[PDB]
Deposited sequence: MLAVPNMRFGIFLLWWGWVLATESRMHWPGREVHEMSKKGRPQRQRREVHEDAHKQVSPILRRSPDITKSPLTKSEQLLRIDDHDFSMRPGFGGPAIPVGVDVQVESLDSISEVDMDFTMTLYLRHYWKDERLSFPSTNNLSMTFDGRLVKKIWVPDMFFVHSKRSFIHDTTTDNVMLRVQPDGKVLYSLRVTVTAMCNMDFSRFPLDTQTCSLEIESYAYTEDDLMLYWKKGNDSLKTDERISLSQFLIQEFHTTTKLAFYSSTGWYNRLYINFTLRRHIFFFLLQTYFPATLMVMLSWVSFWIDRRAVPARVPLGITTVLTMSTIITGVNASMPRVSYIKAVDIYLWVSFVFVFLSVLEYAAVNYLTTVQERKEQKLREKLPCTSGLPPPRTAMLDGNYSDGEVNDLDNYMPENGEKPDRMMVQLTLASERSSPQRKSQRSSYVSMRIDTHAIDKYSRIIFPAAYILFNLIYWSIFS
């Protein structure tokens, strides 16, 4: 029996290697397999990855006539000491087990150990959508030991920045992913002490032109179309009135449709300001003709009692486009 080469019953595996002395170093490597999904309302993401550990334990040394190592499955894990990593700020996770548990142990003759497993994790990520759709988000995944402080276990990336590998075909449906890198930091708990923590960081961006074409284009077109009425003769009331009222109706339907398809985040975003200012411009163009119609009727009644283009139209033809251009300049300077 191979479990008789390792003196399982001659040693107590409830304590760490080197217990009572200096801390034991443990190295970590990670390979990212895929990004499964992202949730904007719940503010989390899901990832599948390979996790590997490296450490040395003299109690597992065995004699050999050559340099062949021995490989074991998940059944041996319960009989020896292994490091207890967990994912910080996660919501749910599990280890894959088809057709059997995806766990491996490899032991060298001199006592070096490799421990590998395949896991799926959902972790939290705070997001800010004030600048939507020109926003940028940064996310991270954190690893830490649950029960051992830095006095007992020393956690580090095995090969520095070379310890992170990502799949060539990783992609998301509605985001672009870039800038994977690794960092470390020390954390404190008043109950127990200081801990090492490892990080995996990346960035997310959207496709700008899609949102431009879907949202900003129709609003600009409707605002420009409402300016046509300033060039129609003022004597055609049944032509001037329906134009303005139907433009207002169209702008309202567009705004409702746009709201129906965005993530349901209930605070003011950058796209909302643009849409509601355009709605005010279309509203003001209808009141402009109401003032012209009233003053023309007043003059005709006074002339009849005694017995060309109105100035408001001429000034509107200049004022409305200039105001819209000035608003656009300020907006795109603020929001880049």
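- Not built in the structure, per the record, are deposited positions 1-73, 381-450.
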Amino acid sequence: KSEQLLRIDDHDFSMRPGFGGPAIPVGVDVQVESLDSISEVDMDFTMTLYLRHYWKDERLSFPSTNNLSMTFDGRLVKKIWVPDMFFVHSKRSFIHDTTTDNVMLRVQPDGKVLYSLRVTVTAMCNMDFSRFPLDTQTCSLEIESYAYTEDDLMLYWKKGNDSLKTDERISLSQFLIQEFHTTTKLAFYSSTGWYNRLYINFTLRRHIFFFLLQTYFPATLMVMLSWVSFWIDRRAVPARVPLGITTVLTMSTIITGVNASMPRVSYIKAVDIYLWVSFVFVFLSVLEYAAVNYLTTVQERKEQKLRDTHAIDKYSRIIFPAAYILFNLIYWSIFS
From here on, numbers count along this sequence of modelled residues.
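The term rigid core refers to the maximal set of C-alpha atoms that superpose within 1.5 Å between the two forms.
- A fit on the rigid core, followed by a root mean square over CA positions in 9 other deposited structures of this protein, ranks 253-261 against 161-169 and picks 253-261 as the more shifted one.
- Between 222-230 and 131-139, greater CA displacement relative to the shown form is found for 222-230 when the structures in 9 other deposited structures of this protein are fitted on the core.
- At least a third of the other compared entries skip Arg307 while keeping the residues on either side.
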